Structure formats: structure tokens, C-alpha cells
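Read on for two forms of one protein chain; each stands alone as C-alpha cells, with the labels structure 1 and structure 2.
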Structure 1
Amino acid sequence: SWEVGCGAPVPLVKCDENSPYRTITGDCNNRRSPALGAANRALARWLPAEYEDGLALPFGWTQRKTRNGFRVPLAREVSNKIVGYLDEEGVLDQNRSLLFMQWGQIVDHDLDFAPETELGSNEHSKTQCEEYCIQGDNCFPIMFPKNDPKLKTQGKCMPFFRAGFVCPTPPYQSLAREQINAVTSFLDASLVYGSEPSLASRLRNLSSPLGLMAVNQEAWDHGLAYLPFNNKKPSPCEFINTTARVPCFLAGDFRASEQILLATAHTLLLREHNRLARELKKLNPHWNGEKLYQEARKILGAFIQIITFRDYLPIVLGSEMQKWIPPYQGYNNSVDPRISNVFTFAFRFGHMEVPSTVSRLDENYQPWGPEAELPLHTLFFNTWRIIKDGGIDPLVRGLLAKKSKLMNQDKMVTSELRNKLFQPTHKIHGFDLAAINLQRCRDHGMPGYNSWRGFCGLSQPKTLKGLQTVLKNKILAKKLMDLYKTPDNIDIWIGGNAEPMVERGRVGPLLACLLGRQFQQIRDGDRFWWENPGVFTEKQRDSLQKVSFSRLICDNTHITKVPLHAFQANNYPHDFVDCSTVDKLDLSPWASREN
């Protein structure tokens, strides 16, 4: 007895059915089932949700009710006893650049987003939750441990609000609570253009027929464009330095300004759209604005898909790549392209790949300025360092020259994120991303670690000795058992990230399975997949294969020296070469004659 009635809270509209361009909402990708993969709908469930009361309450909500007979440990204790570490030396990935971490975040924001719940416009819940830590409704505070240093200095808890769900959003009940995915599931560059008709429009430059995206008018970066500033005050980007008063950037995705390197990436993409746009006009002068926008937009969509599947996943999945994502075989209308709820947690392996600092390099790739190496935490929502401290070129050079942080069982998430994370809504640099993650697993009703091992057809340890063998680490297996009392209770996020990495990969067996299935699906169930005959012509595909992130760089910055394989670790100057030597995207294949 199914129930696929519920739904209304979703911007719907008619379909075109022979239109060459994706919709902004993702609707109409699948002809037989039009809303599949669309934005503002529930994340798919690969396994039933698991809640304390079976419907909506998270485990750890009612301190008396246990999970399989035990209390589930506070997310912060787990963070404190397993995730943290003090010594940053020797933690860098010797063969993965900072861009490896950054691209990952870009693909993830393109694929999923479960925003937190409102009712908080002119609200005291917004305060009944941070001031008094009173658990209730959408307020599910992260309590502090005994002997936590934040006690003495911050309070009794860390505010936290539950994720939005479907049908309603206020006081609801009836079916199992399913979270929302506010963005399109397809890998379509929805982070550049937006996932709603409203925002998509406001991002475009409609005062002219060039099909360009709107750009900043207050500042330019050596003639090159900037994303436009965001309208909305109070702005968090101006709170971190009230004297600079530089607001956050307005982009296709709302998280664009979490960190300076994510804003740099967004800007690089924006710039490529315009470039691509003024170039296409030049070859097809008659084309109107719409045509220029959609056509460029589609090129860029094909760009992200290529870099992701050709250069990124192969070094995440490693030797497991082929076991999950076989050679492409054409569009399969039976494949469900929805992002699963658990994927949004599996893709968080990236948080353990973020180093403690971000550097800026001058033209010889040497420290730019005296205070060239900044601590990550000073850059959450920091837009002023771009506008008033050198533009994006210095940051992009750091992306190519510095390394990512290597995931390590005894050194998982840097303190820059574990103790000094900054939230919009709040006023301090004192949050814990690791604790938030674990708290979010419960909020989302995730099955335990062993449910997912079974799902992926992997052994399921029940004993300490069993876990030691799987983690291949006596001590970690030990800390994990003392806190969870059973491997069945280990949250998927930490459980999955504690496994050793597969050959040539950066994730373990469980994650490779979870990541692998998701990408196989978004590819096979995407009617607009770039390799799908009819989407692009044979001659356009031969052109799209030469796309390189190195090139993207060359055409949108004043960097003339770039690595050929920007994801592996490269040393300047030996592994860098003049832009004049890098393949360029040939657009002549897009020229459409007449008569």
C-alpha cells in the first residue's frame, strides 16, 4: 500500500517534451515520471528510516529510550574522543592538491541540500534554543560533555535545528519524516544558476540580449568579474569584520560564501559562463539572449560532469571505480536519479580532507604578502579578503600548489572545523562540524553502520575483535566500542570514515559502495547526460573531451602557469607549464549556418 499522493509544496509546471534544455527545477528530465530528480522534494530512501518513536523523533532525543539496548553517546563526546587531534604536522596528502577537496564540495552542493527549519522570522525559539538549550520541537541541541573546555567558555550546549521535511514544515506527524533536497539531483550546474525559477532569473543579466549572468558593479578584479553582492542584511560576511562591511556573494546556491575557497570556485564558474556566452554570440550573431544563456549553460553542465567523472571520481573510488560505475551504456529511464538521504552523509568524507590553512601565492608561487598563510576559521564567510586583499588569483594559485589533508584514523577533522566553525545565524567561531554531522545523522533517521555494511554486502562485526579486523586498528575500534557498545549503533558518518582506504582511493569499502551507487544512478538516469546521443552532436563531444580545469583557470584568471593534472599534487615550477600549451575548448562545432 503505497502513498505517493503527498506533495503540493513543490513548484510544479507543465513540460515541453522536445525542448533541448534542462528546466531550472529539474522537472521533466524523466518523461514517464516528470518530478523525478526535481528540486524541493524528498531525498530518496534506500532503507527505511530509523527513528526513536519510529516516525520522527531522533535517537538520543529521549535520554531514556535506548537504541538496541544502549544509550547513544553524545555527538560531541564522539567528536572529542575520536575525531579531534592537535598536531597538524605530517597530515597533508602527498598526492592530492587542495583543489581535490574543493571540487568535492562543489559536486556535493550541486547534488544536495537539506536546509534547516524555519518558523524563525522574528522568533524566540531562535533564542529559547541558543540561550537556554531547552530541547523541543525543531531545537535539538548538542550538549557538552563533562570536562569539555567549551563548558567553561561557551555554555551548556551548541544550538542546532532539525532539517526540513516534506508535505508541511510546522507541527506535523503521520508518515515517516522525510527530509527535503532543495536542489536538483542531476549533476547540472544548479549551483551556478540556481534550482528555482525566481533565483535563476535574478541571477541573470536581463538588461541586455547577451545571455550573460549578472556581475558585481562595485568592484572588479583586474577587469575580471565578481559574483554580485547579496541584497539581504543582516549579512554574516559583514559581521566578521564590521569595518570592511563586505557582504556575502549572491549565487545559484546559498552556501557559496561558507569559505573563501568555495567562493573562489563559484566565481571561476560564473566567469566561464560569460566568457562562453560572449564567444557564442561571436559565432552566431543572430542568436537571442535566451539561446545564448541556455546554450552556454548546457556547455558548463557538460563541463562539470566531465571533470567529475573523468578526473575526480577515479581518484576517490580508486580501484573500486569500475566495480560500481561501469562504462556508460546510454540513458536508462528505469534508473531512479534521486539523491538518497544517506548519500548526503557519505559525501561528507570531504570534511576530513580540509587542512587547517589557506595560502595566497604571488606570481612566482611565493607567499603573497607577510600574513600570507591564514587559519581556515578566519575565512568562513570571509568575502572581504577577496575584494580588498588581492582578488582570486592568489587563492587559485594556492589551490594548485597546496595539498589537501589526508584522512587519518588518529587525525580525522582539523580543530579549525572541530572547535571554531562559524554559523550564519550565530555570533561565534565555536561550532563543531563533526558533532553537527553526527547530530544530523540522527535527525535524518539513519540506520546504523552495520545496516549499511549489510546493504553493501560487507561483513557486519558484532564484537570488538570483529571491529578491530574491519577497521584494522585496535585502538580506534576500542574507542568506538566504549562509546557505542555495539557496532550496530555506530553512526554511518564516523563508521564509514573510520575504514581504511581502498587501493588508489580516498574512501573505504562502505563509502565506495555508497558513493559509487549514487553516481552510477545520477549518470544513467539523466536524460541530459553529456554522452547521451542526441544531447550533443558527435562533433561537440569530441570538443568537450579536451576540457581541463587547468584550462578553465587559464581563460578566467591572469595565471599563465598551471599544472596539467590539477588534482594530483604538483610542485612549482617543475610540474607547471605555460597556458599557451594547454588544450582549449573548440566552439566552432557550435556554429549554426542558414540558407
Structure 2
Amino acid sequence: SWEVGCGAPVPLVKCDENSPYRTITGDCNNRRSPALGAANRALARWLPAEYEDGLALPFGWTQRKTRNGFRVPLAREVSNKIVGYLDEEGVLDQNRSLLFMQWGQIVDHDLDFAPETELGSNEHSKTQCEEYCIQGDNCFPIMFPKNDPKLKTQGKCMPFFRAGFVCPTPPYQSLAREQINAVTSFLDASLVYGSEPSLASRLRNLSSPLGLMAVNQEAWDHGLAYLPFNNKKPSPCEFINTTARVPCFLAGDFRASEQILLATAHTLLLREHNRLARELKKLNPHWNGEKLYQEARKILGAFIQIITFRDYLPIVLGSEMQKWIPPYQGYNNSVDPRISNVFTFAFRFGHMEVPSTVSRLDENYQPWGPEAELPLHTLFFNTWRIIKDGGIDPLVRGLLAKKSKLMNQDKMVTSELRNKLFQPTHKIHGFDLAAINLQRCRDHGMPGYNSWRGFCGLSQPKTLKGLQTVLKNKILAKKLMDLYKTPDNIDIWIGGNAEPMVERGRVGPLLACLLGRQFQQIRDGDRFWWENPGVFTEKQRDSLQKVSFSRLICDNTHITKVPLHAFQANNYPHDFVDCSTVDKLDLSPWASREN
């Protein structure tokens, strides 16, 4: 039936059998099909792509073409009528710290990226879309609905570009369009070390033979490292404040500076790597540069898997955790570890956990300075507020003592993100993440809300009343039914997120199913999972079993007062113990007698 496959834009896969370590590109993880779970390959399709013309065009591209008998609503109208809200009062999640939201975006970034197609440089094309809002080819501008306020102050549209696709880049005619995942499907720290060897190498400090990641030589943080700047122009970290002139950081993943707290968690990770390479040298002084780099890199990957799977996933999935992620039973080579396309949308539930402000806290966790609390939008691509305003320590305190936004059926995505997002290469703090998301679903040819309900063994509502019983909400159901004339057409993103939260979790049934399934594949089909026998020594695993974000903080900042359960709401000083009483990552198990 289907062809052996397509693969013009990839090199060959030459695999070293003996090698202990993972590749930067992900390749060679799975031996029977080595390209499974590797960067620059097409996202997996758990269900046939759904496209206007069943090839590449997205629904909503042709006025005349409908989906299931009806026209799909404009992404911004859905955004305005359903996703928005004015009152930031009473929306904080009482039992989740703001680190919960942050750890989410880190893991998502480690897992997937589908960057747009590059026609922009040395071409007017990118400004042709913005300026006259002409939909063509890649340019798929997000139009404003009639009653939109932005019509008056911004124009007729929000620029938008279709994501890049495999066997690229002018349209081809045979199979449906498949977008690219430009990072490795494996929870492997790709966001710290890179997914391309070309970048992986640059990021490294090769000068000395100590296997350290390269750091900033222009600025420090109390004798603590900063990520190196990325001296590429134009830079949005420079554009948001042309007086301070501070470039964006250079990390393993392209999007590290998008918001100051992501940039922050990125700074914590780099350090933990360096701190580890230094510790290893000391125990195994005879180790060469590469070994220190590799062994350290290996440890940090284990660290993220434990945190994400032991501490994070259970509080996201809760009651559904065990249903989809039963305890480890070992590597299975028949498990597809590739990230599926819809997961890159399911995982965006995190957008409703982002709150309107960010604070900096002093040593008694009190407002640090006159403008300690800041509006989120002034922080997109804001790098100067870290270097020219006291560094990470104060921001990492806010991550521990503040709360994440709770998902709310009447209060979904905060305006900081819904009206004021800043997108590089554009000039204004006036974009909508919600609209984008919806437009992206359409761009990826995503199947409707009910196909996914069907895919998960859940009911498939066909009427208003049907939808109300599923969402447990009359007015939400009424609004969706009005815009979408049938559930079958509700874009998965807004669909999955409209479902109420499963008890003890922070997502509904549909997302618990889609997320749960992906993460289980991510663990089970990974030849290098930290717990998979033979990857680490029996003793090393026991050592790793004690890791904690608290510990990661204590070891890489001068914060000496942390909670024990970093992801839950914790107030100071009651829920805050001294760092001394927190387990360490004793690295003794790594000694290597040469004799």
C-alpha cells in the first residue's frame, strides 16, 4: 500500500555499535530503524493528516471550502469569544508553584519543535505577508474578525507562516504534508546540548580539556555562569531594549530567551552540567575532555527523566498516571519513540498555566526592589533584566514562592500572551498565542476534536447538549457550538483544553490520554532510559534516585532556603527548609580504577 518512504533531506545513518553514549542528533538509538526518534525527520502521525485538499492546504484557506458542511471560524474570533478574560483576580493555582509551568515548557522544548519555513532572509516575502496580509504559499495570515479591537490599532491581520515540511520545500503532490520535528524525540537534554552537531560543538568549550559547556565571558552572576550570548543580528533581545543592547542567549534549543524564566531554567541546567564535569574530573582525574562532557551530559539527561516522570507527570496526569504510564518494565524496541504531531499541540495546555506577572524575591522572599513584580509581556526576549538587574537567584525565588495560573473554563489564556505576545522580526507586543495555536492546528492538518475523542476510547458528542455534558459547562458548550457548528470541527487544541480537570491532575481525559501515551512511548522505546538495565550501574541508579529540583537549586545558586516538593504551592518560611537537610547527588559511583 504505502511506499517504503521518503527521505531526500537527510544524510545517511552510520551507527557505531559499541558506543555507550547517545548521539546529539538522536540517530542510532533504535537499532532496527536507527532514524526513529531523530531530529530533522517528520513528526509521527497517529492518525491520517486531515487537510482541505487532503494533501497540504489547511482548512480555512479557501472561503468556499468547508469542513464537514461548515466553515471553520477564524482563529482570532475563537480566541476572543472563548479564550480571553480581563480579571486576573482569583486565578492562581493554589497547589502548583510557578515552577510547575516552567518545568512544563522545558520538557516540551526538549521533546519537539516545528519551525516555520525559511524564505525570509534576503527576501521581502516575510514583510509582504505582514504588510499587505496576502495569503500565499507559506504566508497564511491570521485575519481579524469584524469586531476586533486590533483592527483599529494594528491592521487587517497578524502575520503567520506555515511550518516547514519534509522532502521540502515547494509543495509536492503524492502523500499528505508532514511537518518536521527539529529536535530529538528523546528526553535527553537536547535543549541544553543541541540537536545538531554543528551547534552542539559551538556550544562547547573546547579550549580547555575539562569537558565543560562554554560560558559567558562578558558578564557573571556572583561568580556563577551565564549562557553565552548569541551574536547573531538582528536580535530580539536587543530589539526590546536598544539602549541596554543585550543579545539573546546561546543554548541547545533555539527558543531559550523567549521569556526570562525559561532563559532562567536554561541557566540552571548549563551550570549543573559544568558543576558535574568539575566533580567528575576530581574523582577521575585521568579522564579526557570528551569523557567528562559525555558522562556529565549523561547524568543531566537522567536528571530530567527522573524529575519529569517521578515529580512532574504524576501531578499533571494524577488519576490517569498509572492508566497510561505503569511502572517501568524495560526497553522495548518495538515502541515508536517519535513525537507525534498532535502531541506538539496537546502539550500546549501549558499556555493556560502562564500567569500575567513575574516577581523577583529577596533573601526573605520579599519583593526584591521597587518593581519586583513585572508584567509578563515586558519579559518576552528580555535578557537584560537578568544581567543588568541582579541575575537568576531572585527569579528562581519567584519560581518557588509564586503560583501558576490555574486552567479556567472562563479564564483560559492571559492577555499578556493573548494580545501582547512579541514575535521576533516583528515590531510589536501585540500578538495572540491562542490564535496562533489554532492556526497551527489547521496548518498541521490536525484531525478534529472528535476523531481524537474516538482515538482515545471516549464518547463523541454531536449536539449542544452532548457537548455540555462532556465539558460540564453550558455557556462554554454554547459558545463553541456557535463558532464551530459541530464538535467534529473543534480544533483539538481548544477542544482538549475545554474539558474539566481529571481529579488530582491538571488536564482533562482527552489530554491525559494523548499526553500519557506519548510519554509512555518516550520512556519505553528509549535504549538509553536511565533505568533501562546496563545504562547506569546498580549503584549509580541508587545515587540518581535522590535527585531533586531543590538540590539543583542549592547547587547552582546562592539560595539556601528551598521547599522539599518544588512543584507544589509552598510559602516561606513554613514550607522552606535549609539546603543542608536536602539529599545530594553523591557522585562516588562514577570512580574508574584504571588497573
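Numbering for residues begins at 1 and runs along the sequence of structure 1. Take the two forms, superpose them, and find the largest set of C-alpha atoms that agree within 1.5 Å; that set is the rigid core.
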- Task: Choose, among 171, 136, 370, 330, the residue with a C-alpha displacement of 2 Å or more between structures 1 and 2 when the rigid core is used for superposition.
- Result: 171
- Query: For residue 11, is the C-alpha shift between structures 1 and 2 2 Å or more after core superposition?
  - Reply: yes
- Rigid core fit between structures 1 and 2: Cα deviation of residue 286 in angstrom: 0.4
